[PDB]
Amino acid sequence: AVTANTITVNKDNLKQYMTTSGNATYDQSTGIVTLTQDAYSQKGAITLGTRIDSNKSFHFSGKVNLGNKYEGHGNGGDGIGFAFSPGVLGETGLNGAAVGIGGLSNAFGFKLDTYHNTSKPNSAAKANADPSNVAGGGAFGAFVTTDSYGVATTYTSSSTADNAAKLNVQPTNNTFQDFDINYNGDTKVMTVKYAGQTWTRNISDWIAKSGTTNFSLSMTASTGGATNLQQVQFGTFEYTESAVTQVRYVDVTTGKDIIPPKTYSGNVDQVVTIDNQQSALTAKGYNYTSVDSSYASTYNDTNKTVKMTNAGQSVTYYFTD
């Protein structure tokens, strides 16, 4: 019956659902992910190890420290990107003008950008210049999309709802500001709020452009020659799983879990080998009886494999005392 769970990541279970990379470090007592310290040439990221189903809602609620320096006020950069990618789990965008989003293909997201790249970045940067409507000083926030080659474009428009905009509250002091990304699975509306300032857009076009309805989440920051302490504080991230299989190990007499249910996560179409844990159950005094795969249509009992779909699957292995 349960195929795809609605998960809430919080500071205590973060390492179970997410993985830090590069310069990123995590303090579990505070829920603070430090993506970069305020130093040269850093890059750090955290990625969510399960695909997010955009047919369902999802919500990040937490705080962000963007640093103490920005365009026109010291040499601050590069900014923090929050990316949703149709590509494989665990991938992250590039450093510099890409702001953690550029480099992913057909992706979309939001960035807090403290370094205005006024002139066109070179080809390797995977980013177009930041827009003139945010030039002239101050950090800015914006939606961002990338094309099939991973090139990032800061989103602009004639609308106050979604146009790129200089931050109402500039990062002068290393203060954590409220940050929220809220997404509605029915209306496809994504709403982003940083320090009292809001951006909102129906993202159904970017979703359709991506070729899929489920996404790999990454949060990535870098420093170049320009620097800043860049941190995200959990806070919580709530989402519904895609491309998972639940595997249960159940007492055939009672109907109770013998060991905890296991969730395998993968990319869509990935063939994943699942484990009936036979030896382990034997050690607990249990012998294999049967399997119920009726909630996993791709289940292959000969190879012990499932093929991840857009939705969830569940396989139950039964054992007897």
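In case it trips you up, residue 1 is the first one in the sequence shown, and so on.
For the two regions 52 to 60 and 278 to 286, the entry's Cα B-factors average higher over 278 to 286. Higher mean CA temperature factor, per the PDB entry, when comparing 246 to 254 with 82 to 90: 246 to 254. Annotation for 102, 225, 96, 141: 225 ranks highest, by Cα B-factor.
Out of 267, 263, 47, 37, the entry records its largest CA B-factor for 263.
Per the PDB record, residue ranking by Cα B-factor puts residue 214 in the middle third of the chain. In the deposited entry, the Cα temperature factor of residue 68 places it in the middle third of its chain's modelled residues. When the CA B factors of the chain's modelled residues are split into thirds, the value for residue 77 lands in the lowest one. The PDB entry assigns residue 174 a C-alpha temperature factor belonging to the lowest third of its chain's modelled residues. In this PDB entry, residue 109 carries a Cα temperature factor that places it within the lowest third of its chain's modelled residues.
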